[PDB]
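Next up: just one chain, as structure tokens, the form deposited in one PDB entry.
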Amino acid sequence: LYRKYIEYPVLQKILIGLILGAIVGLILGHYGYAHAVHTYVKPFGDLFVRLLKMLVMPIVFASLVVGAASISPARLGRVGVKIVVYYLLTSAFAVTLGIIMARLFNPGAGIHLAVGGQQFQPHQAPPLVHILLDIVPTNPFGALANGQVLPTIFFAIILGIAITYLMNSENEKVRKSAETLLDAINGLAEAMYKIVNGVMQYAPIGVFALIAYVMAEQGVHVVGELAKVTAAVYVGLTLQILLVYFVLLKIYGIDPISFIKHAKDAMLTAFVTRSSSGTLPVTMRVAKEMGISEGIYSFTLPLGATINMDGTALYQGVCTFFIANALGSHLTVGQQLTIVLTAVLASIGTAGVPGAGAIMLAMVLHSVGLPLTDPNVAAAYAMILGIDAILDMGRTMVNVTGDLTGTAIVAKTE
């Protein structure tokens, strides 16, 4: 009965769906019915993911415009600098943890692989100059038309600042025009939040299908060295959330366990969707219910979804460690690690692409000098691809958790 289903708490529904989907997907993958899953159960998950993508651009644009108009530029710049510093600190912690856990688990140590089979088109990290320029869109409508949250963020910020400057003008009609535009945008944002509530009510079905498909496809592949890689990555995410995020929340006076009861929706939606940008409407909704101001979270969360290096730090460290050992070259000489990190940071250019995990890894390996055309690199990269989605699940989870933690910290500071 529909009324009973809706009346049942969403959090309980989400957990039940996630667990049941995990179990069913694992069973079907073990018994070899993965194709049946990918054919009949997978589409339901994509519907939820597609709904979240649909809400991504409108909600981000409207909420950021409203928040920028609501707060002065001086506060917005301070918030941006603070959240950038927070992301740098958390990224340092995340790379430390990634190195530590990769060394602890020693994945792919001396396990030879067969050359041949699947071979991939190499990938190269976008040039830094191009990425910086793309922050300014040549066409704001085009940026809204096709993804590109980052230039949308810039246009939203400048439009909000212009609107708030206009509202302080001396021409009555100009004030009326600015107020009407801001009210229309605010109405759009609130409508997006209501649609987020509806999509969240639908989510239990979507989360179930997503996790079921992911499990059936790849959880059977989590065995041997790959199992070590997955364990290292997930232990890294847990240590991040427990040492960096929780300690930061406590040091800034935000209770973590109470913060989890709020971030649960964002964390699990990020987990299943495997895309921080895609799950943004839920994360922004969570920040709103947290009481965080519009001008702060509406800027930090969309920004973090593209520059949060916490998840990609652990993923890249652990995987690149696995690739090295798999090739047999235990040595990744010194500054080559710094090259990896710098190329990773430039990998924000692939934000929102479905293959976030593998693509970034391909770019990082190419930057190191291990292009995927190398047959030995091809086998290890294919191995990682065998569990890409499972790793990306947790990567997105930690990324969104860190985005919410930084947003909460900045909101408390301001």
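From 1 onward, residues are counted along the sequence shown.
What follows is about the form solved in complex with a small molecule, which we do not show.
Engineer: Exactly one stretch in 377-385, 345-353, 364-372, 31-39 has heavy atoms within 4.5 Å of the small molecule in the deposited bound form; which is it?
Structural biologist: That would be stretch 345-353.
Engineer: Is it true that 275, 357 and 396, all three, sit within 4.5 Å of the small molecule in the deposited bound form, judged by heavy atoms?
Structural biologist: Yes, the whole candidate spot contacts the small molecule.
Engineer: Indicate whether residue 309 is a 4.5 Å heavy atom neighbour of the small molecule in the deposited bound form.
Structural biologist: Yes, contact at 4.5 Å.
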